[PDB]
Ligand SMILES: [Mg+2]
Ligand SMILES: [Zn+2]
Ligand SMILES: [Zn+2]
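Residue numbers (the authors' numbering): 3 to 737, 740 to 807, 867 to 904, 911 to 1007, 1027 to 1090, 1095 to 1171, 1175 to 1191, 1203 to 1282.
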């Protein structure tokens, strides 16, 4: 129980290993006495083997106190110890006949089948007693006696031939005697023809019954001559005949004991050398069969494991506490299915012993051995072969495999995790008065949650004498504890989560505030991160306990520290839906307002000027000023626009200096919410304009400033939403359109008096309908804005901008990329990827592809002057600065080109989308990238899975194999594209292409035509290109650019914003594997590039995420991913040892994940105060 182990390794469990584990053999299929309800001796639940029912007490009772421990009872045989051992101790069942492990027989592929070269349909007929198998043959005696046996065989065969000829003539002779009478007696052509045709029918049987015996006798001799080990005999009458005579020359058996015999005399190395040959042409499946099966043959040779482990002579028994039988509520009994499945085995194993001792015939005995074989099969994996064992109501019993996979109805692959203590949930309500770092917590929920904490401080003071008394003081809600509750709650963070959890911002930390009521008060800004609508939703609360857990909540998971979405980089706490409309109304400008500014005339001076922003407030309170007016005032504590600041001062900022501008009072009050250092804006706040502002605020200021700024925008946005005057009624909604559409409809009706005959034209018809429909839509669009002033509530809201299957893909995305973490600051690789970056005469995809990147090379202008230098954050100010220089393309580091041996590096990955700074070392990007792609799952999802699984496109598209010109040939059968190479070599033609698979689109633009030039990477037709095709054409690095290109294009069609680096992390894991061609080492197992490249013929290989995730280093992580059965068998044979490298393994065993705070450099930190501060 050291909690730290290096390796976890498996292997086939021999019958001796099973006998070593067991504390005894369970001999009876008994569970518990029906009267005493106590464990029956020598059966299941027997205390003499598994363990005592009660702590430190034996069965008979002669040893009860703890004084006797580590001893056994002489009368009952129960070791006196804790009752927990019932859960840790196993039994075993000694089998009267060997039995095969169903995992190595019915597996796909069949391990025994590939080991002994037995077809799965032939192997099933042996262990289930459907055929005989030759175990051994004596060569010397057969060769020495072959002479005499051939003589006796031909003599017996001749004696039958002599009998056939003798019996036929005698009977055929008698047929002539009957016809002699029929000539003299009744003579007709049809009276004798029947018996004549009958006589021929009678004779035809005589020939065939004698002939069929010659074949039967020929079959015995030819089988004896070519008889050899491993041969099969399904006749069983030939076999008995084969054993009646020549019975001493050979031997044979059935069932698992015969399979056990072949392994006994079997040479792995001698069977390996035969499989080592790649000659014997084997251009097709003949050699690959020997190569594919060699994986199971060479696996036994390398290690010391004996293949005998596949046939069990003993079966282990799972401890009783894991297969319990306990009395239910209301007196009913309950028990696991394993007890009945174990009972099935021990019942037949015992009856087999009775049959053997009875000298029963082999039919009964071999039938019982087959039934014994099927019980162990059902015990391990029920229903894998034949119909499963069904209990009451015809429900399949749950075997051990169902237990291990976690199959309840169909599958629950640990996605339920496990329930935790110190948790709770309730319904959530709006918390508009809360700070971003706060959350409203019901007093009762916080009381029960912190119950151990308040009990301590309550005992520290004299309110309760001892801890037992304080428990009743908290449980009965004595009013003395509420003052104590606020102390233990203060500065003690809690975690909030709303299911489903899509991205990491679905779990955040807050500062708990004691709140009246039973609901949870949630901050209105985190709703978008939680996707929490306020209609009957609930959220769960978890209380961190350890100092490390509290630190991770206050630093990593704090609500105010997580603002930017860690997918695109945009802020998620930006105001929305009311604070947008509230701020839109405050900053909007209306001419002719009550306090409108008026220029000075000869009679009176300017009336719109105010001494300070404070006066305008006093004017706003009176009926003199409207907040939306155009007044111009003087501002001191507010800084001016940067365009006008240089003209006005140019001598520095103005903390106390004054200046004058023409704005609205609302725009003044709005800019006071922003930081003092931020310049003036003076615009009506759109939804895009506010997002534009929050973005620039996040970069130039620490997030605390951005957190409190958005918090100030919430108060004003909510405050002015009420004063906004937004209300709905009949007028603002009710549909004009009646008379409009009643008129347009008659035009389409009269078109039938034309389409019938005279004026159809067959294309003016469709064109007339489309034009008239769009014309009505154009008139409807005008009527939509013709009936409402721009201040209409619905219109105002629109203007401001206020208004399940995916989980499958996400889990595979997480399964393949969960191990991808940043492990080093810089790998110092010199080669990245080119970014398009601003077509001009401005690419909208630069924010996803070019933004938050790091330059691999310097950005050089044609004039010679260098601008943003390599290794730079490539911020948005740098893009605009680069755009001014007029440069098209830039080269940028990427994780696709990262040369890091382990994971990726910080420099190649770049800026963290959430932090806005360089990504930290501990960061685990693979999971963040998987969630970033999975959440939008809610031309679509089925296409996205096609790409990540690297399957063949639904409609294949041609790619140019070489560069040159193109010859377009159009035929009815299919299009024809022939590429004339610039080299002058053999032409490349692309034939039989469906005509509906339209041609690809191209200073002069257009669509591809005859004679165009095409480079190596151009796609010839519209559609999807085979990712395996481009792999061998352009190379592995161009594949990753192509994959991300198509994946990004799908999510862009729906309006989703995901940075390319997230997709690039998933695509990085596909090409990591290379296929070793052949032999130095051996065949094309999908290996690792670095492991192969860093040590000394192979290929680059593209493969799906599901196939890639199963190829990872650890086996018990791949076992939890897909089809635990196949993974475990291979991992058992090769004795694969799991080094616990990945984080999934540590989660399974409860270790600290090797990511974030679990990294060795971070968790080994030593903390000691400076001697300068110690002495003070
Ligand atoms: Mg809801
Ligand atoms: Zn006893
Ligand atoms: Zn790198």
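Every residue, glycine too, gets a C-beta built ideally from N, C-alpha and C.
>> Under 7 angstroms, CB to any heavy atom of ligand 2. Which residues pass, going along the chain?
In response: 60, 61, 62, 63, 64, 65, 75, 77, 78 and 80
> Where does residue 603 land, buried or exposed, given buried means 16+ other C-beta within 10 angstroms?
Replying inline: What you label residue 603 is simply residue 601 of the chain shown in a count that begins at 1. The residue is exposed, with fewer than 16 neighbouring Cβ atoms inside 10 Å.
>> Counting C-beta neighbours from all protein chains within 10 Å, is the total for residue 1153 16 or more, i.e. buried, or is it exposed?
In response: To locate residue 1153, count along the chain shown from 1; it is residue 1061. Buried, by the Cβ-count rule.
> By Cβ distance, which residues of its chain are closer than 8 angstroms to residue 741, with the 5 residues on each side in sequence left out?
Replying inline: Taking the chain shown and counting its residues from 1, one reaches residue 741 at position 737. Cβ within range, chain order: 784 and 787.
> Taking 8 angstroms as the cut-off, is the CB of residue 539 close to at least one heavy atom of ligand 1?
Replying inline: On the chain shown, position 537 is the one that residue 539 refers to. Yes, Cβ of residue 539 sits closer than 8 angstroms to a heavy atom of ligand 1.
> Less than 8 angstroms between the CB of residue 1152 and some heavy atom of ligand 3, yes or no?
Replying inline: For the purposes of this step, residue 1152 is taken as the residue at position 1060 of the chain shown. Not under cutoff, so the answer is no.
>> Between which two residues does the beta strand (DSSP E) holding residue 443 run?
In response: What you label residue 443 is simply residue 441 of the chain shown in a count that begins at 1. 440 to 444 is the span of the beta strand (DSSP E), which, as asked, contains residue 443.
> Does the Cβ of residue 534 lie closer than 8 angstroms to at least one heavy atom of ligand 1?
Replying inline: Start at 1 with the first residue of the chain shown, and residue 534 comes out as number 532. Yes, since a heavy atom of ligand 1 falls inside the 8 angstroms radius drawn around the Cβ of residue 534.
> How many angstroms separate the CA atom of residue 400 from the CA atom of residue 384?
Replying inline: Here the question's residue 400 lines up with position 398 in the chain shown. Here the question's residue 384 lines up with position 382 in the chain shown. When rounded, the distance between both Cα atoms is 7 angstroms.
>> With a threshold of 8 angstroms (Cβ to nearest heavy atom), would residue 973 be considered close to ligand 3?
In response: Residue mapping note: residue 973 aligns to position 904 of the chain shown, counting from 1. True, at least one ligand heavy atom lies under 8 angstroms from that Cβ.
> Taking the alpha carbon of residue 915 as the point to measure from, which residue in 762, 929, 577 and 943 has its own alpha carbon closest?
Replying inline: As a working mapping, residue 915 is identified with position 846 in the chain shown. Cα-wise, what sits closest to residue 915 is 943.
> So, helix, strand or coil for residue 1178, using DSSP?
Replying inline: Translated into positions along the chain shown, residue 1178 becomes position 1083. In this structure, residue 1178 counts as coil in the three-state DSSP scheme.
> So, helix, strand or coil for residue 60, using DSSP?
Replying inline: For the purposes of this step, residue 60 is taken as the residue at position 58 of the chain shown. Residue 60 falls in the coil class under three-state DSSP.
> What are the uninterrupted segments assigned as beta strand (DSSP E) that are 3 or more residues long and contained completely in the segment 209 to 285, given in chain order?
Replying inline: 252 to 255
> Can the beta-carbon of residue 1263 be found less than 9 angstroms from the beta-carbon of residue 1052?
Replying inline: The residue you call residue 1263 lines up with position 1157 of the chain shown. The residue you call residue 1052 lines up with position 964 of the chain shown. No, Cβ-Cβ distance for residue 1263 and residue 1052 is not below 9 angstroms.
> Going along the chain, which residues of its own chain have a beta-carbon closer than 7 angstroms to the beta-carbon of residue 490, five neighbours each way excluded?
Replying inline: Along the chain shown, read from residue 1 onward, the residue named residue 490 stands at position 488. So the list reads 452, 455, 456 and 459, once near-sequence residues are dropped.
> Can residue 968 be considered in contact with ligand 3, in the sense that its beta carbon sits closer than 8 angstroms to one or more heavy atoms?
Replying inline: In the chain shown, counting from the first residue as 1, residue 968 sits at position 899. Yes, since a heavy atom of ligand 3 falls inside the 8 angstroms radius drawn around the Cβ of residue 968.
> Hey, residue 243 and residue 222: beta-carbon distance below 9 angstroms or not?
Replying inline: Against the chain shown, residue 243 aligns to sequence position 241. Against the chain shown, residue 222 aligns to sequence position 220. Going by C-beta atoms, residue 243 is nearer than 9 angstroms to residue 222.
> How is the beta strand (DSSP E) around residue 99 delimited, first residue to last?
Replying inline: Position 97 of the chain shown, counting from 1, holds the residue named residue 99. It spans 93 to 102 - the beta strand (DSSP E) in which residue 99 sits, taken as one unbroken run.
> At which residues does the alpha helix (DSSP H) containing residue 880 begin and terminate?
Replying inline: Walking along the chain shown from the start, residue 880 turns up at place 817. First-last of the alpha helix (DSSP H) with residue 880: 869 to 880.
> Between residue 976 and ligand 3, is the CB less than 8 angstroms from at least one heavy atom?
Replying inline: In the chain shown, residue 976 corresponds to position 907, counting from 1. Yes, the beta carbon of residue 976 sits closer than 8 angstroms to at least one heavy atom of ligand 3.
> Can you name, in chain order, every residue of its own chain whose Cβ lies under 6 angstroms from the Cβ of residue 688, other than the five neighbours on each side?
Replying inline: The sequence position of residue 688 within the chain shown is 686, counting from 1. 805.
>> I'd like to confirm the pairing. Which residues does DSSP put opposite residue 138 in its beta bridges?
In response: If you number the chain shown from 1, residue 138 lands on position 136. Answer is 253, bridged to residue 138.
> Roughly how far, in whole angstroms, is the beta-carbon of residue 426 from the beta-carbon of residue 447, given that I think they are within contact range, below 8 angstroms?
Replying inline: Here residue 426 is taken as the residue at index 424 of the chain shown, counted from 1. Here residue 447 is taken as the residue at index 445 of the chain shown, counted from 1. The pair is a contact, with the Cβ atoms about 5 angstroms apart (cut-off 8 angstroms).
>> Could you give the first and the last residue of the continuous beta strand (DSSP E) run that contains residue 315?
In response: Translated into positions along the chain shown, residue 315 becomes position 313. Element bounds for residue 315: 313 to 319.
> Fully enclosed by the segment 512 to 569, which alpha helix (DSSP H) runs are 4 residues long or longer?
Replying inline: 529 to 532 and 549 to 557
> By DSSP, does residue 1244 sit in helix, in strand, or in coil?
Replying inline: Along the chain shown, read from residue 1 onward, the residue named residue 1244 stands at position 1138. Residue state, collapsed to three classes: strand.
>> Between the segment 295 to 306 and the segment 49 to 68, can you find at least three pairs of beta-carbon atoms closer than 8 angstroms?
In response: no
> Within the present structure, is the beta-carbon of residue 889 separated from the nearest heavy atom of ligand 3 by less than 8 angstroms?
Replying inline: Residue numbering aside, residue 889 sits at position 826 when the chain shown is read from its first letter. Correct: residue 889 has its Cβ closer than 8 angstroms to ligand 3.
> Once you ignore the five residues that flank residue 473 on each side, which residues in its own chain have a CB closer than 7 angstroms to its CB?
Replying inline: Here residue 473 refers to the residue found at position 471 when the chain shown is read from its first residue. Same-chain partners within the cutoff: 457.
> CB residue 939 to CB residue 930, shorter than 9 angstroms?
Replying inline: Here the question's residue 939 lines up with position 870 in the chain shown. Here the question's residue 930 lines up with position 861 in the chain shown. Their beta carbons are not under 9 angstroms apart, which means residue 939 does not touch residue 930 by this criterion.
> Considering only C-alpha positions, which residue in the set 645, 654, 667 and 658 is nearest to residue 633?
Replying inline: As a working mapping, residue 633 is identified with position 631 in the chain shown. For the residues 645, 654, 667 and 658, the minimum Cα distance to residue 633 belongs to 667.
>> On the criterion of 16 or more Cβ atoms from any shown chain inside 10 Å, does residue 128 qualify as buried, or is it exposed?
In response: Along the chain shown, one-based indexing puts residue 128 at 126. That one is buried.
> Going by the CB atoms, is the gap between residue 229 and residue 144 shorter than 9 angstroms?
Replying inline: Indexing the chain shown from 1 puts residue 144 at position 142. Indexing the chain shown from 1 puts residue 229 at position 227. Against a cut-off of 9 angstroms, the Cβ pair of residue 229 and residue 144 comes out as a contact.
> Say the cut is 8 angstroms; is the CB of residue 926 nearer than that to a heavy atom of ligand 3?
Replying inline: The residue you call residue 926 lines up with position 857 of the chain shown. No, ligand 3 has no heavy atom inside 8 angstroms of this Cβ.
> residue 559: which of 169, 534, 578 and 505 sits nearest, CA to CA?
Replying inline: Position 557 of the chain shown, counting from 1, holds the residue named residue 559. When each option's Cα is compared against that of residue 559, the closest is 505.
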